[PDB]
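Written below as C-alpha cells is the structure these notes are about.
Every chain is numbered from 1, with letters handed out A, B, ... down the list of sequences. As the structure lists them, so they are numbered: ligands from 1, and atoms in each ligand from 1.
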Amino acid sequence: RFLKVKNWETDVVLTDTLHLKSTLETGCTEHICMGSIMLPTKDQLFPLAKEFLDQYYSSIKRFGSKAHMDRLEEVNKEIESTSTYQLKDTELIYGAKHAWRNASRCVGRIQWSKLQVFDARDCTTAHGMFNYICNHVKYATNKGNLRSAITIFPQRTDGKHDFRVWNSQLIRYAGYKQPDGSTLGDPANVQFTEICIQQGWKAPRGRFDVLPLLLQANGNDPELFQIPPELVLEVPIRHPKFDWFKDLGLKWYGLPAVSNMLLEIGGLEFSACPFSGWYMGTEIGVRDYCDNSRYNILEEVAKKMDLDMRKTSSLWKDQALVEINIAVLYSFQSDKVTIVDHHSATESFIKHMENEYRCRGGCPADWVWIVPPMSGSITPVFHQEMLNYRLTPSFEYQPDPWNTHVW
Amino acid sequence: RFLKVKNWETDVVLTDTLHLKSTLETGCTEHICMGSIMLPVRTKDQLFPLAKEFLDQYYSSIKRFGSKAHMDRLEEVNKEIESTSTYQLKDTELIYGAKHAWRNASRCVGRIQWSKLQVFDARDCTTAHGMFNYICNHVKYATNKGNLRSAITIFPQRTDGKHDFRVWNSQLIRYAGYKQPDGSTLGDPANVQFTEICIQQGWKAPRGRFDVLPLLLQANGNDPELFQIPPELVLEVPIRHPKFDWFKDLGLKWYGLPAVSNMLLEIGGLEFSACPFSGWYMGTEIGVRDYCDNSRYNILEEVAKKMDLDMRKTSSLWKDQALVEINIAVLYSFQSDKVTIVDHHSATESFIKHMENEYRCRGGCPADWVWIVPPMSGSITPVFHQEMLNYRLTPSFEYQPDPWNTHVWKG
Ligand code: HEM
Ligand code: HEM
Ligand SMILES: CCN(CCc1cccc(F)c1)Cc1cccc(NC(=N)c2cccs2)c1
Ligand SMILES: CCN(CCc1cccc(F)c1)Cc1cccc(NC(=N)c2cccs2)c1
Ligand SMILES: C[C@H](O)[C@H](O)[C@H]1CNc2nc(N)[nH]c(=O)c2N1
Ligand SMILES: C[C@H](O)[C@H](O)[C@H]1CNc2nc(N)[nH]c(=O)c2N1
Ligand SMILES: [Br-]
Ligand SMILES: [Br-]
Ligand SMILES: [Zn+2]
C-alpha cells in the first residue's frame, strides 16, 4: 500500500503514498498491463466538488476552517439549485495548475506552478474565442522568450453547447493528399486540412501552411479565422556544420499549443482549454521530422550526408537522426526562441520527481511517454522507476468534434 | 473477450485472445500501473493443477489432446505426485517447456528464433565439477567459432529447496569489477559484489579491465566451488571503428556469447533453479548499456573528447553523437570477426513480424514495451509505435534471489 520506486543508476529509493489518493482507473488489471496503449448528474457532481475543495483548502492551510465549511455549503446549495456550480478565480487557477502537475505523461512539469491562467469564461462567440486565442499566442510567444499559459473557455452545461477548438494544436501545418499518391505537408493533418477546406478555407497548398483556427462557441457551427501571420513565430532550420541543411527548406513554429483536450476541475468540464509551454527538441527533430508517417525526412538527409544506406547496421538512420536534432536545437537557439534538449528536460524531471516525493508523497509518471524517443538510456529518466496513476484535476482526451457535432 | 492493439505508424490493428490463458499476476491494478518497475517448497495440491495445465498444453501442441497417451500420462504424473510429491518431465516435455518459456518471455526482442533452441538435458548432474563440464560443453556448442547457436542447459529441479542447483554467476561469461580504495572502479562496476565473492572463495584476480570471471557452481545445495572456463572457449572481439583509427586505442573488447545463468525456469509447476541459456547480442546491449551507462564502463566522455565534439553544452548532442559512433564500432567489429550480432533495426523489424505471426497462429504475443524498445533511437524502430499487451504465461523464466543472500553455508 506504500510503494517504492528505485533509480537503478543512483540506487535512490522513493516511497509513494500519493497514489492512494488516486481516483480514476488505469486500463490495467492484475492480469494484464496496458501501459503501452495510447488511449485505454447532480448525484455525481457533489462528491467531485467536495474532493476538490478539500484539497484546495488544504493547500492554503485552511482545512476545516470557517471559510472552508462555508464554501462547501455554498457550492452544495448551487448544485442543488442549478445542477452545476462556478469556480472562484482562485480555485480555477489552482485547478489548472494542478491539472498540469498531475499530467503523468508530461516531462516538463518542474515548471508547473508558473502557469499563466487566462480566464475566458465570459466568452460567448467564435470571434471572441479568436481574440482570446490571439492574445494567448502573443503573451506566450513573448518574442521568443516563451511563457506557459492556458486560456479557459466556458465549462460544459447540458453538453449541446460545448466550446471547442477543432484544431489539435493552435499552430500546426496543413497536409494535402496528392494525385501523385504522396502527401504534401504534414500527413498528420490531412483530415483536418480537408475539413478546413470544405468549411471554406482557401488552402495555399504548400509544405508548411499554417492552419486557420476552426472555433466553436456555445455548441454552434465552427468558424474559420487566420491567426495574424505576424503572431506566428517560425524558425528556419539550419545546421551549425552542414551548409547544405538549409536547402532542405525545413522550418518549424516556436509555440507548441495543445487545443483538443478537456480540463476537469472539481467535476466541471472545460472542453476548450488551449495550453502552451515550449518544445523539447526531440518532439520536432525526432517525431515531426523523422516518423515515417510524418515529414519522414531521414532518407533525404542521409543522402545529403553521403552515408552508406546499403545496410541498417551502418546505423545511417541513427547518424542522420542525431544531425537533424542538432540542427533543430541550433536553429531555435540561434533565433532566441526557447527550446529544451532532452538531456536538460529529463534532468529537470528527475529533480522535479524528487521535489514531489519530498513535498507531496509522489509524482504520477508514465515511463513510456517520459523517456525521450532517441538516446533513451543516456537520459536519467530511463533508469528511473515510475508509478503511473490518475489524479484529478486532470487533462483528458476527448472525441474529435467533427465526429460528434450536428450542424 | 478480445483485446485490440494498434500500430500507430501502419494502422495495423491486432486482436489478442491469448491473454485469457494468463494465470500469474502483473503488479498492476485498475488504480496503478507498475509497467516500469524492474522486479514487480511447493505442495501436492498446488502441484497437480499446474502439471495438468502444462500437460494439456503439451498434448494439444502435438495434436494428441484427449488421446490415450495424454490420459495415461496425466494419471502417471498424478500417481508420481501423490507418492513422491513431485514428478519428472519426459525429455520431450522438457524441450517443449524450455522453448515455450522463451516464446513466453515478454521482455525478449529475439523471440522470432524461439523454436530453434538446443536443449541440453543435465538432469543427471550431481556435482559442481559435473556442472562445470556441462557448462563448458554448452559454451563450446553455442559459440561454434562465431556462428552462434541458441542453447539452454537444464540442471536438476528443486526438491525441498535445501538441495538447489545454482550458477552463482549472473552470466556464464562476464568481466570482473574491482572497487579501488580511492573509490574508482577497475573493470565492470556491475560485477563488483560478485567479484568480491570469487576472491573470498579463493580466486586469484588479475585485477585488470576485462578479466573473465570464474564460474561459481552450487550442486545439490552444497557450498559453491570455483572453476575457470578454458580461455580457448571464450571468444572475444576487440572493438575498433571503420573510420576512426584511434578507436582501437581505447582498449575496448567484449565477449561474443551472452549467456544468462541466474534465472529460474518454471515448467508445469517444477522449478529449475539452474538453467543457463544463451543466444547472441543485439548491438545496443554492449554499445549503449555496457559501455555507456554511467554505472557501467561509462566511456561517453572519453569517446567524445577523441571526436573533439563540443562538450560545453548538452545541446550540441555530443553524447548522442558519441553514442552512435560507439554502436557502429561494436557492430563493425563483430561483423568483421564473423561473430553473430544483430543491430536494433533488424531485430525490432524481425520482432514486429514475429509478433504479427504470433497473433495470427497463437492469438497473442505478450510483450513488455519498456524492455522491447531499444535504449537508443527508440522512435526510428518500429516497436516504439507498436502497442503491446503485457501478461504472464507459463512455462516461464522468473527472477530468483541472489544465492549469496539465501545459502546456508556448510563450511
Ligand atoms: C513548459 C514546457 C513544457 C515542456 C517542455 C513539456 C514537455 C512535454 C512533452 C515533450 C510531452 C510529450 C508530448 C508528445 O510526445 O506529443 C508533454 C506531454 C504533456 N504535457 Fe507538457 N510540457 C510543458 C508544459 C506543459 C503545460 C504548460 C501543460 C499544461 C498546462 C502540459 C501538459 C502536458 C500534457 C497534458 C501532456 C500529455 C498529452 C497527451 O497525453 O496526449 N505541459 N509535455
Ligand atoms: C537468440 C538471440 C536473442 C536475442 C538477440 C535476444 C535479445 C534479447 C535482449 C536484447 C533482451 C533484453 C536484455 C537486457 O536489456 O538486459 C532479451 C531479454 C530476454 N530474453 Fe532474449 N534474445 C535472444 C535469445 C534468448 C534466449 C535463447 C532466451 C532463453 C531461452 C531468451 C530469454 C530472454 C529473457 C527471459 C529475457 C528477459 C530478461 C529479464 O527480465 O531480466 N532470449 N532478449
Ligand atoms: C504531437 C501530439 N501531442 C499529443 C500526442 C497525441 C495526442 C492524441 C492522440 C495521438 F495519437 C497523439 C501533442 C502534445 C501534447 C502535450 C505536449 C506537447 N508538446 C509540448 N512541448 C507542449 C504543448 C503544450 C504545452 S507543452 C505536444
Ligand atoms: C545484462 C542484464 N540482463 C538482465 C537485466 C537485469 C535484471 C535485473 C536487474 C538488473 F540490474 C539487470 C541480462 C540479459 C537477459 C536476457 C538477455 C540478454 N541478452 C542477450 N542477447 C541474451 C542472453 C542470453 C540469451 S540472448 C541479457
Ligand atoms: C504505442 C506507444 O504507446 C506509442 O508509440 C507512444 C510511445 N511513447 C510515446 N511518448 C511520447 N512522448 N509521445 C508519444 O506520442 C509516444 N507514443
Ligand atoms: C526503471 C526501468 O524500468 C529500467 O531502467 C529498465 C527500462 N527498460 C529496459 N529495457 C531493457 N531491455 N533492459 C533494461 O535493463 C531496461 N531497464
Ligand atoms: Br523543462
Ligand atoms: Br533477432
Ligand atoms: Zn500496467
field: Side-chain touch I324(A)/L250(A), heavy atoms, less than 4.5 angstrom
entry: no
task: Identify, by atom number and element, the atoms of ligand 3 in contact range of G277(A), meaning under 4.0 Å from any of its heavy atoms.
output: 24 (C), 25 (C), 26 (S)
- line: Short version for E387(B): what comes under 4.0 Å of ligand 5, heavy atoms counted, is both
query: Does ligand 5 have any atom sitting under 4.0 Å from a heavy atom of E283(A)?
result: no
message: Tell me if the centroids of the rings in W252(A) and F332(A) come within less than 6.0 Å of each other.
response: no
field: Protein contact for atom 11 (F) of ligand 3 (heavy atom, distance under 4.0 Å)
entry: yes
- prompt: Parallel, tilted or perpendicular: which fits the ring planes of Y253(A) and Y279(A), with parallel below 30° and perpendicular above 60°?
  reply: tilted
- prompt: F275(A) heavy atoms, cut-off 4.0 Å: which ligand 3 atoms fall inside?
  reply: 24 (C), 25 (C)
- request: Could you walk me through whether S259(A) and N167(A) pass the side-chain hydrogen bond (donor to acceptor under 3.5 Å, both in side chains) test, one step at a time?
  value: CA-CA 6 Å; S259(A) 51; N167(A) 311 56; 5.6 Å; no
field: Least distance between heavy atoms, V373(B) atom then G378(B) atom
entry: CG1-CA, 3.8 Å
query: To which protein heavy atom is atom 3 (O) of ligand 5 closest, and what is the distance rounded to 0.1 Å?
result: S36(A) O, 2.8 Å
statement: The atoms of ligand 5 lying under 4.0 Å from a heavy atom of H385(B), numbered in the order shown, are 1 (C), 5 (O)
Distance in Å, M34(A) CE paired with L39(A) CG, rounded so as to fall on 0.5 Å steps: 9.0 Å
query: Can you tell me if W369(A) has a non-hydrogen atom under 4.0 Å from ligand 3?
result: yes
message: Which option wins on minimum heavy-atom distance to atom 7 (C) of ligand 5: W8(B), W367(A), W369(B)?
response: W369(B)
query: Does the protein put any heavy atom within less than 4.0 Å of atom 18 (C) of ligand 3?
result: yes
- prompt: Where's the contact between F384(B) and ligand 5, heavy-atom distance under 4.0 Å: side chain, backbone, both or neither?
  reply: both
query: Do ligand 3 and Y279(A) have nitrogen or oxygen atoms that lie under 3.5 Å from each other?
result: no
field: Protein contact to atom 12 (N) of ligand 5 [nearest heavy atom, distance to 0.1 Å]
entry: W369(A) O, 3.1 Å
statement: In ligand 5, the atoms that come under 4.0 Å of a heavy atom of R287(A) are 13 (N), 14 (C), 15 (O), 16 (C)
- prompt: Polar-atom distance check: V368(A) versus ligand 5, any N or O pair below 3.5 Å?
  reply: yes
query: Which atoms of ligand 3 are found less than 4.0 Å from any heavy atom of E283(A)?
result: 18 (C), 19 (N), 20 (C), 21 (N), 27 (C)
Ligand-residue contact atoms, ligand 3 with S276(A), heavy atoms, under 4.0 Å: 24 (C), 25 (C)
- request: Select one of side chain, backbone, both or neither to describe which atoms of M388(B) lie under 4.0 Å from any atom of ligand 5, heavy atoms only.
  value: neither
query: What is the distance from atom CG of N325(A) to atom OG of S315(B), rounded to the nearest 0.5 Å?
result: 12.0 Å
- prompt: Would a 4.5 Å heavy-atom cut-off, applied to side chains only, mark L213(A) and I227(A) as touching?
  reply: yes
message: With side-chain hydrogen bond (donor to acceptor under 3.5 Å, both in side chains) as the criterion, how do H385(B) and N292(A) come out once you've worked through the C-alpha distance, each side chain's angles and the decisive distance to 0.1 Å?
response: CA-CA 10 Å; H385(B) 306 277; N292(A) 290 327; over 6 Å; no
